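Here the structure comes first, spelled out in structure tokens, and everything after it is commentary.
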Amino acid sequence: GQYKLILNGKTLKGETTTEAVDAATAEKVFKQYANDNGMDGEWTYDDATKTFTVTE
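Numbered according to the authors' numbering, the sequence shown terminates at residue 56, and the numbering increases by one at each position without gaps.
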């Protein structure tokens with residue numbers, strides 16, 4: 001399925017999407033991406049909209 005990430009960092013903002021087998025997998029992909037971009041934020045996940053957020 002399609003999952004969305006809202007990037008709400010101090011320096012990186014916007015949105016990205018990934019196809020993942022489940023939400024746990026999307027979470028790992030998105031957290032790795034955030035880590036690789038030096039983010040350090042608080043996270044949410046909304047299963048109704050398949051949307052993660054990372055906020056600094």
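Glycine is no exception: its CB is placed at the ideal position from the N, C-alpha and C atoms.
With distance defined between alpha-carbon atoms, name the residue in the options nearest to residue i.
i, options, result
"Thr53", "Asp22, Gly38 and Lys31", "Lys31"
"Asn35", "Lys50, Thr51, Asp22 and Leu7", "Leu7"
"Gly38", "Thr18, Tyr3 and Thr11", "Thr11"
Just to confirm before moving on: does the CB-CB distance between residue i and residue j stay below 8 Å?
i, j, result
"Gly41", "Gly14", "no"
"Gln2", "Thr17", "yes"
"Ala20", "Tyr45", "no"
"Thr55", "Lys4", "no"
Starting from residue i and walking both ways along the beta strand (DSSP E), at which residues does that stretch end?
i, result
"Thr51", "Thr51 to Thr55"
Those runs of the alpha helix (DSSP H) which lie wholly inside the segment 8-42 and span at least 4 residues = 23-36
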